[PDB]
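Number 48 in PDB author numbering belongs to position 48 of the sequence shown; there are no gaps in the numbering. For each residue, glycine too, the CB sits at the ideal point set by N, CA and C. Below you'll find the structure, written out as structure tokens, and then a few comments.
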Amino acid sequence: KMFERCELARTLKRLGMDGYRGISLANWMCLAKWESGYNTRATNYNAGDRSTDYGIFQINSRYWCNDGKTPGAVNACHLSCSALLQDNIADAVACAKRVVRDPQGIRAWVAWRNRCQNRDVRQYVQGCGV
Numbered sequence: 001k002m003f004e005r006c007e008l009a010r011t012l013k014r015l016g017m018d019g020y021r022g023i024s025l026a027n028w029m030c031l032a033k034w035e036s037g038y039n040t041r042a043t044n045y046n047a048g049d050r051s052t053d054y055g056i057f058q059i060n061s062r063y064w065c066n067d068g069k070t071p072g073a074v075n076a077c078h079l080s081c082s083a084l085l086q087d088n089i090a091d092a093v094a095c096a097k098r099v100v101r102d103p104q105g106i107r108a109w110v111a112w113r114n115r116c117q118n119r120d121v122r123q124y125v126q127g128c129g130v
């Protein structure tokens, strides 16, 4: 599923992402936007280390979810990576929350540092009623 901007902003809000661990909704929208273009089916195989990124947040299989084919990987969110390919983003949100409870916070995703940090992200939630 490819979410429409405001539809997604409210979906995230309903799920408790607004200010979760100090992270604003616009920061989460910016992350989803640059990670998958709001596409829940997005996937990226990293031939270099044999891992795969799944879903709207492009969560990596090496540490966060189990796909059974990533060498010596762990499953910190305790979820099948398949859970990250559902149209319903609740499990993906639960996993994204788990990622940010770690030391780096939102900085866990290099794309956020690259395209959201110290950027004006107002545009992501404008007029969404969030």
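Own chain residues within Cβ distance below 6 Å of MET2, not counting five before or after: Taken in chain order, the residues that qualify are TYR38 and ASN39.
Reduced DSSP category for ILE23 - H, G, I as helix; E, B as strand; rest coil: Shown here, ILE23 sits in a strand according to DSSP, grouped into three states.
Cross-strand partners of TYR54 (DSSP beta bridge): When DSSP reads this structure, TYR54 sits in a beta bridge with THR43 and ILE59.
Simplified DSSP state of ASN66, which is helix, strand or coil: It is a strand residue.
Coil, strand or helix - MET29 by DSSP: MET29 falls in the helix class under three-state DSSP.
Buried/exposed call for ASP102, threshold 16 Cβ in 10 Å: Within a 10 Å sphere around the beta-carbon of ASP102 sit fewer than 16 other beta-carbons, which makes this residue exposed.
Residue closest to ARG5, alpha-carbon to alpha-carbon, out of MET17, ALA32, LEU15 and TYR20: Answer by Cα proximity: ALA32.
Distance CB(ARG21)-CB(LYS97) smaller than 9 Å: The Cβ-Cβ distance between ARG21 and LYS97 falls below 9 Å.
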